[PDB]
Amino acid sequence: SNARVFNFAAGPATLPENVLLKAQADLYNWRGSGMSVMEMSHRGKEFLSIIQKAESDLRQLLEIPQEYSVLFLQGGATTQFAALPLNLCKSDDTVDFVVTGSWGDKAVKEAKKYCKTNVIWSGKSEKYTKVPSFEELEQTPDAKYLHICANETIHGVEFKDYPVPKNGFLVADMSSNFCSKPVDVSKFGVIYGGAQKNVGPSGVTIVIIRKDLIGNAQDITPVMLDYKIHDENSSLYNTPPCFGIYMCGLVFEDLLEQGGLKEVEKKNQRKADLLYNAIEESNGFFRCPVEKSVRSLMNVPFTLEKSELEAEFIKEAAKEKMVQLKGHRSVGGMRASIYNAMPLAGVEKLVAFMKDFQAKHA
Amino acid sequence: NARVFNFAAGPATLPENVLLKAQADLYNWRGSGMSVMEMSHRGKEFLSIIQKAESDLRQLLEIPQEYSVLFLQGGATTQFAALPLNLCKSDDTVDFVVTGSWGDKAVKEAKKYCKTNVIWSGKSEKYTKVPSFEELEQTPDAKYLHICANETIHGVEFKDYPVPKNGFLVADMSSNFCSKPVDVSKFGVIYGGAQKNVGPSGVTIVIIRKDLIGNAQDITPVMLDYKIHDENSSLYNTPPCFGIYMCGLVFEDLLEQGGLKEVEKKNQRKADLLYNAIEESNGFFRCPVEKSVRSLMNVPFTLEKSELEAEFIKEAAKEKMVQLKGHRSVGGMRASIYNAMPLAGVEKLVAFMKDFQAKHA
């Protein structure tokens with residue numbers, strides 16, 4: 001519409017209006033430099049200030065320890081599915097996986113090209129609705145690392161606490177909950193994520209990697225997938241995604257202005273609770289299949305008992321400016337993605353719409 | 001706080017009308033209710049944008065349906081690995097004609113994945129020439145022949161193309177992409193980063209003959225696999241949506257300019273102004289590149305009085321002409337004069353050169 005809508009898309013996703021308007025204001029001529037960020041040399045002093053400020057702001061938000069590197073890369077999280085075992089394993093090493101949704105399953109399949117994989121536990125048998133108890137996971141005695149997807153974007157399953165790796169280090173795909181809450185980074189060897197879900201536009205992927213794990217990639221690693229190359233060149237080995245990194249920088253600066261990630265988590269909890277409570281109080285009209293203690297604050301899948309009404313629910317919500325609510329083809333129903341930048345008012349509008357819908361169709 | 005004349009070699013200057021369109025669309029693209037930066041890549045609005053970008057590019061370069069057009073991430077440098085990973089077995093051979101340092105980087109990365117033969121290198125004469133094609137000793141069972149069509153640092157550009165004795169021709173056209181017509185049917189693959197001539201950094205275009213798609217090496221990352229990208233129309237994973245949108249705006253505007261025959265005329269005219277100024281300078285300024293292969297896009301030049309190069313660059317920047325410093329190896333200057341560099345910018349540099357020479361000769 002002529003007014004902006006409430007955008008429940010799962011990735012790419014909604015961004016803060018103030019960030020967008022700042023980008024608009026500066027698009028033709030950034031800070032009297034005489035050019036757009038889209039036209040800046042990546043080796044020039046203006047872009048250097050942008051990428052350095054983005055890294056500094058991110059380090060502050062997540063309280064990233066000095067002994068970790070921060071890389072700003074292209075190729076999405078799917079490229080990292082290959083880069084991780086290429087950098088961190090030899091061809092006969094094993095990576096352990098806990099698979100809580102389909103994103104972890106894709107990571108397994110790609111890793112098989114480059115090392116051995118072991119899926120300790122899969123949620124598939126119960127339609128990806130739970131996280132296992134950690135103590136009873138049988139880890140591979142010589143596994144290089146343990147891989148999790150911290151927020152399974154399709155399935156709505158989120159780690160709250162983290163497993164402790166037995167032999168190696170912990171790797172987490174945090175694409176769809178990145179900068180939604182504090183994380184004790186020191187518990188991980190690698191955290192990675194596409195920016196597009198929670199912290200910027202598509203085209204930028206962030207890798208936070210303990211410095212002692214950088215180096216000794218497999219010989220077949222493309223130079224563009226090599227962590228040492230990226231780290232020693234500060235993400236400027238080749239031409240980076242300049243504009244994407246600038247946009248991420250705006251988002252980080254704004255999250256700090258909001259009070260940092262403790263405050264961000266409080267708002268995310270508050271708005272998620274309105275939606276989960278609406279569902280739970282609906283006497284089964286709406287249903288969420290995910291086990292209560294691991295319900296994602298970012299992605300909320302739900303269905304109707306009267307599934308024949310789902311298409312109508314989605315179409316009518318779009319007429320009321322709540323878009324991209326359709327769920328995954330495997331389950332149908334709906335998926336409300338409610339990332340950092342989803343206004344509280346959008347969640348309130350959806351909850352009120354659900355009320356009205358239920359009353360009309362009970 | 002006026003806009004400057006921006007001679008950077010990549011990323012690079014973009015058309016002002018395109019930047020202003022992007023500004024106007026940024027918060028809410030066509031009353032869709034969101035930015036391009038917030039669109040689902042599987043939604044109807046983004047699908048219209050990527051499809052229009054492909055169509056417009058096919059019209060502009062005259063890319064027939066026997067070729068796929070892929071919009072990817074990773075830069076041209078990712079394609080240095082993807083090409084042999086997709087197109088070669090580990091014991092196949094690829095021939096290289098190396099006319100500058102970008103081709104040399106392509107050779108180094110290909111060695112990881114297959115055998116390489118550098119059948120000609122310009123290095124011994126400081127990368128100033130293109131070989132005579134008839135005299136190249138091509139490998140009889142080469143899978144493909146790789147060239148860099150425009151060597152961005154060295155200013156050496158192919159005007160005519162060699163005929164592969166076996167296999168097909170692959171060209172890195174990063175720094176001359178959509179600067180002039182190209183007979184696409186002569187090639188197996190044309191590739192290039194968008195950031196020099198057609199958009200911002202973060203998108204790479206790959207134009208690939210459909211019969212060449214598939215059969216990648218088993219070690220090929222899914223994100224480097226041409227069959228995966230082709231069968232999913234560049235939407236296998238989350239594409240660089242905003243970058244593709246920007247490339248689309250550029251392609252639309254190049255069509256509005258009259259297409260690539262017209263773009264080439266403008267490029268030739270403004271390059272000639274600069275090269276003529278260099279050659280008429282009685283040696284004060286010098287271009288090392290052999291005349292018939294001088295790039296229309298990247299113009300490297302030095303001063304006879306090398307000690308004045310720093311003053312030249314600094315004073316030019318005071319006159320709103322920025323990013324003219326040349327490569328560390330040969331010093332001097334490099335004026336990158338891509339499609340979107342205004343004619344007035346080249347005129348100003350030419351005037352600046354004339355005044356500088358009068359002052360210091």
# chains A, B, ... in the order shown; residues from 1 in each chain; ligands from 1
>>> interface_residues(of="chain B", to="chain A", cutoff="6 Å", atoms="only C-alpha atoms", output="JSON, numbers by chain")
{"B": [1, 2, 3, 4, 11, 12, 13, 23, 31, 32, 33, 34, 37, 38, 39, 40, 73, 74, 78, 81, 200, 201, 202, 219, 221, 223, 240]}
>>> residues_around(residues="residue 49 of chain B", least_positions_apart="2", cutoff="8 Å", atoms="only C-alpha atoms", output="PyMOL selection string")
chain B and resi 45-47+51-53+244-245+248
>>> write_last_selection(atoms="N, CA, C and O atoms", output="short mmCIF file (atom, residue, chain, number, x, y, z; two decimals), in the first residue's frame")
data_model
loop_
_atom_site.label_atom_id
_atom_site.label_comp_id
_atom_site.auth_asym_id
_atom_site.auth_seq_id
_atom_site.Cartn_x
_atom_site.Cartn_y
_atom_site.Cartn_z
N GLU B 45 6.75 -9.54 -6.01
CA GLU B 45 7.41 -8.29 -6.34
C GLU B 45 8.87 -8.58 -6.72
O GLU B 45 9.36 -8.13 -7.77
N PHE B 46 9.57 -9.33 -5.89
CA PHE B 46 10.97 -9.64 -6.23
C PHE B 46 11.10 -10.46 -7.50
O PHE B 46 11.98 -10.21 -8.33
N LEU B 47 10.16 -11.37 -7.72
CA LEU B 47 10.20 -12.17 -8.93
C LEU B 47 10.09 -11.26 -10.15
O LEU B 47 10.79 -11.47 -11.14
N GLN B 51 13.17 -11.06 -12.93
CA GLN B 51 12.83 -11.44 -14.27
C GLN B 51 13.04 -10.28 -15.23
O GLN B 51 13.50 -10.49 -16.39
N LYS B 52 12.69 -9.06 -14.81
CA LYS B 52 12.90 -7.89 -15.66
C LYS B 52 14.39 -7.61 -15.84
O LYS B 52 14.84 -7.24 -16.92
N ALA B 53 15.15 -7.74 -14.76
CA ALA B 53 16.61 -7.58 -14.87
C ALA B 53 17.25 -8.56 -15.93
O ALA B 53 18.09 -8.16 -16.75
N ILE B 244 20.60 -7.00 -7.11
CA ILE B 244 19.97 -7.38 -8.38
C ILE B 244 19.03 -6.26 -8.87
O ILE B 244 19.01 -5.87 -10.05
N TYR B 245 18.27 -5.72 -7.95
CA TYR B 245 17.39 -4.58 -8.22
C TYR B 245 18.18 -3.41 -8.79
O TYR B 245 17.81 -2.85 -9.82
N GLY B 248 19.28 -4.11 -12.21
CA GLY B 248 18.10 -3.92 -13.06
C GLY B 248 17.89 -2.48 -13.45
O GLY B 248 17.60 -2.17 -14.61
#
>>> residues_around(residues="residue 256 of chain B", least_positions_apart="5", cutoff="12 Å", atoms="only C-alpha atoms", output="NGL selection string")
:B and (17-18 or 56 or 59-60 or 249-251 or 262-263)
>>> write_last_selection(atoms="N, CA, C and O atoms", output="CSV table (one decimal), in the first residue's frame")
chain,number,residue,atom,x,y,z
B,17,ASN,N,20.8,9.5,-12.1
B,17,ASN,CA,19.3,9.2,-12.2
B,17,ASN,C,18.9,7.8,-11.6
B,17,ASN,O,17.9,7.7,-10.9
B,18,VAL,N,19.8,6.8,-11.7
B,18,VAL,CA,19.6,5.5,-11.1
B,18,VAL,C,19.7,5.6,-9.6
B,18,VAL,O,18.9,5.1,-8.9
B,56,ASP,N,16.0,-7.5,-19.5
B,56,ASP,CA,16.7,-6.3,-19.9
B,56,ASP,C,18.2,-6.6,-20.3
B,56,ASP,O,18.7,-6.1,-21.3
B,59,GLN,N,18.3,-8.4,-23.6
B,59,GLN,CA,18.1,-7.4,-24.7
B,59,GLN,C,19.4,-6.6,-25.0
B,59,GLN,O,19.8,-6.3,-26.1
B,60,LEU,N,20.0,-6.2,-23.9
B,60,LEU,CA,21.2,-5.2,-24.0
B,60,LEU,C,22.4,-5.9,-24.6
B,60,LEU,O,22.9,-5.4,-25.6
B,249,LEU,N,18.0,-1.6,-12.5
B,249,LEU,CA,17.9,-0.2,-12.8
B,249,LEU,C,19.0,0.3,-13.8
B,249,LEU,O,18.7,1.0,-14.8
B,250,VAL,N,20.2,-0.2,-13.6
B,250,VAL,CA,21.2,0.2,-14.6
B,250,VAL,C,20.9,-0.4,-16.0
B,250,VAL,O,21.1,0.4,-17.0
B,251,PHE,N,20.5,-1.6,-16.1
B,251,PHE,CA,20.2,-2.2,-17.4
B,251,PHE,C,19.1,-1.5,-18.1
B,251,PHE,O,19.2,-1.2,-19.3
B,262,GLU,N,25.3,2.6,-28.7
B,262,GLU,CA,25.4,4.0,-28.3
B,262,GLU,C,26.4,4.2,-27.1
B,262,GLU,O,27.1,5.1,-27.0
B,263,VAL,N,26.3,3.2,-26.1
B,263,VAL,CA,27.1,3.2,-25.0
B,263,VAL,C,28.6,3.2,-25.4
B,263,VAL,O,29.5,3.9,-24.9
>>> select_by_dssp(residues="segment 192-245 of chain B", states="strand (DSSP E or B)", output="number ranges by chain")
B: 192-193, 204-209
>>> atom_distance(atom1="atom CA of residue 47 of chain A", atom2="atom CA of residue 189 of chain A")
28.6 Å
>>> residues_around(residues="residue 211 of chain B", least_positions_apart="6", cutoff="12 Å", atoms="only C-alpha atoms", output="PyMOL selection string")
chain B and resi 65-68+87+168+188-189+226-227+230
>>> residues_around(residues="residue 151 of chain A", least_positions_apart="4", cutoff="10 Å", atoms="only C-alpha atoms", output="list in words")
residues 100, 101, 103, 104, 155, 156, 157, 158, 159, 160, 172, 173, 174, 175, 176, 177, 178, 294, 295, 296, 297, 298 and 299 of chain A
>>> residues_around(residues="residue 100 of chain B", least_positions_apart="2", cutoff="6 Å", atoms="only C-alpha atoms", output="VMD selection string")
chain B and resid 98 102 to 103 127 151
>>> atom_distance(atom1="atom CA of residue 229 of chain A", atom2="atom CA of residue 146 of chain A")
24.0 Å
>>> residues_around(residues="segment 182-188 of chain A", least_positions_apart="4", cutoff="12 Å", atoms="only C-alpha atoms", output="compact mmCIF listing (two decimals) with C-alpha atoms, in the first residue's frame")
# COMPACT_ATOMS: atom_id res chain seq x y z
CA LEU A 58 28.69 -5.70 16.77
CA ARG A 59 31.46 -6.56 19.24
CA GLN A 60 29.75 -4.26 21.80
CA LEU A 61 26.24 -5.67 21.23
CA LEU A 62 27.21 -9.32 21.59
CA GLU A 63 30.08 -8.72 24.01
CA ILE A 64 32.40 -10.56 21.66
CA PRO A 65 35.73 -11.44 23.31
CA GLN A 66 38.97 -10.08 21.89
CA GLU A 67 40.15 -13.59 20.94
CA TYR A 68 37.35 -13.94 18.25
CA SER A 69 37.42 -12.59 14.71
CA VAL A 70 34.42 -10.99 13.02
CA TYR A 145 32.91 -30.00 16.48
CA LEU A 146 29.26 -30.20 17.34
CA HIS A 147 26.86 -28.28 15.02
CA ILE A 148 23.46 -26.90 15.94
CA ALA A 150 20.08 -22.31 17.24
CA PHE A 159 17.74 -23.35 21.76
CA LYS A 160 17.55 -21.50 25.06
CA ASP A 161 20.51 -23.24 26.74
CA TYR A 162 23.33 -24.82 24.75
CA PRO A 163 24.89 -28.29 24.80
CA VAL A 164 28.49 -28.69 25.91
CA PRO A 165 30.70 -30.30 23.22
CA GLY A 168 35.67 -30.32 20.26
CA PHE A 169 33.96 -26.93 19.99
CA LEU A 170 30.37 -25.76 19.40
CA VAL A 171 29.20 -24.29 16.07
CA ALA A 172 25.85 -22.55 15.75
CA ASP A 173 23.83 -21.32 12.80
CA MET A 174 22.16 -18.29 14.38
CA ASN A 177 17.93 -15.26 15.87
CA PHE A 178 21.21 -13.33 15.45
CA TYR A 192 27.42 -17.67 11.87
CA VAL A 207 31.03 -15.29 10.88
CA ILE A 208 32.30 -14.97 14.44
CA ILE A 209 35.21 -17.41 14.85
CA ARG A 210 37.66 -18.07 17.69
CA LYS A 211 41.13 -16.98 16.39
CA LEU A 213 40.57 -22.10 14.87
CA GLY A 260 21.48 -3.33 23.69
CA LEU A 261 20.54 -6.95 23.56
CA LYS A 262 19.08 -7.32 27.06
CA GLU A 263 16.45 -4.76 26.07
CA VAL A 264 16.00 -6.31 22.66
CA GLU A 265 15.36 -9.70 24.32
CA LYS A 266 12.74 -8.17 26.67
>>> closest_residue(among="B:288, B:312, B:83, B:196", to="residue 355 of chain B", atoms="only C-alpha atoms")
B:312
>>> select_by_dssp(residues="segment 245-306 of chain B", states="helix (DSSP H, G or I)", output="VMD selection string")
chain B and resid 245 to 256 260 to 279 291 to 293 306
>>> atom_distance(atom1="atom CA of residue 297 of chain B", atom2="atom CA of residue 178 of chain B")
11.1 Å
>>> decode(residues="segment 316-330 of chain A", atoms="N, CA, C and O atoms", output="compact mmCIF listing (two decimals), in the first residue's frame")
# COMPACT_ATOMS: atom_id res chain seq x y z
N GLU A 316 -7.27 -12.57 4.08
CA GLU A 316 -7.92 -11.50 4.81
C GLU A 316 -6.90 -10.74 5.65
O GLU A 316 -7.02 -9.55 5.80
N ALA A 317 -5.88 -11.43 6.16
CA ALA A 317 -4.86 -10.71 6.97
C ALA A 317 -4.08 -9.76 6.09
O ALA A 317 -3.77 -8.64 6.50
N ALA A 318 -3.76 -10.21 4.87
CA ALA A 318 -3.09 -9.37 3.88
C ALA A 318 -3.94 -8.16 3.50
O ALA A 318 -3.40 -7.08 3.29
N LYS A 319 -5.25 -8.33 3.40
CA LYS A 319 -6.12 -7.18 3.16
C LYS A 319 -6.02 -6.18 4.28
O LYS A 319 -6.16 -4.98 4.04
N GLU A 320 -5.79 -6.65 5.50
CA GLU A 320 -5.53 -5.75 6.64
C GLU A 320 -4.03 -5.45 6.93
O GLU A 320 -3.64 -5.14 8.07
N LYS A 321 -3.22 -5.51 5.87
CA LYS A 321 -1.83 -5.08 5.88
C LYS A 321 -0.90 -5.94 6.74
O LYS A 321 0.07 -5.42 7.28
N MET A 322 -1.25 -7.21 6.90
CA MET A 322 -0.38 -8.17 7.60
C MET A 322 -0.05 -9.23 6.57
O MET A 322 -0.89 -10.09 6.26
N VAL A 323 1.16 -9.13 6.01
CA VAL A 323 1.53 -9.94 4.86
C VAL A 323 2.59 -11.02 5.13
O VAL A 323 3.30 -10.97 6.13
N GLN A 324 2.67 -11.96 4.21
CA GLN A 324 3.66 -13.05 4.25
C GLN A 324 3.50 -13.93 5.49
O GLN A 324 4.50 -14.37 6.07
N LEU A 325 2.25 -14.22 5.83
CA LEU A 325 1.90 -15.12 6.96
C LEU A 325 1.78 -16.59 6.56
O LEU A 325 1.59 -17.43 7.43
N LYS A 326 1.86 -16.92 5.27
CA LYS A 326 1.66 -18.33 4.84
C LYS A 326 2.77 -19.22 5.40
O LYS A 326 3.94 -18.84 5.40
N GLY A 327 2.39 -20.39 5.90
CA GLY A 327 3.37 -21.33 6.45
C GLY A 327 3.98 -22.22 5.39
O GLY A 327 3.66 -22.13 4.20
N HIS A 328 4.88 -23.09 5.84
CA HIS A 328 5.61 -24.02 4.96
C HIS A 328 4.71 -25.12 4.42
O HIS A 328 3.78 -25.64 5.09
N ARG A 329 5.02 -25.48 3.17
CA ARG A 329 4.19 -26.41 2.42
C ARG A 329 4.03 -27.77 3.11
O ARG A 329 3.03 -28.48 2.89
N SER A 330 5.00 -28.13 3.95
CA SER A 330 4.97 -29.40 4.70
C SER A 330 3.84 -29.46 5.75
O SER A 330 3.28 -30.55 6.02
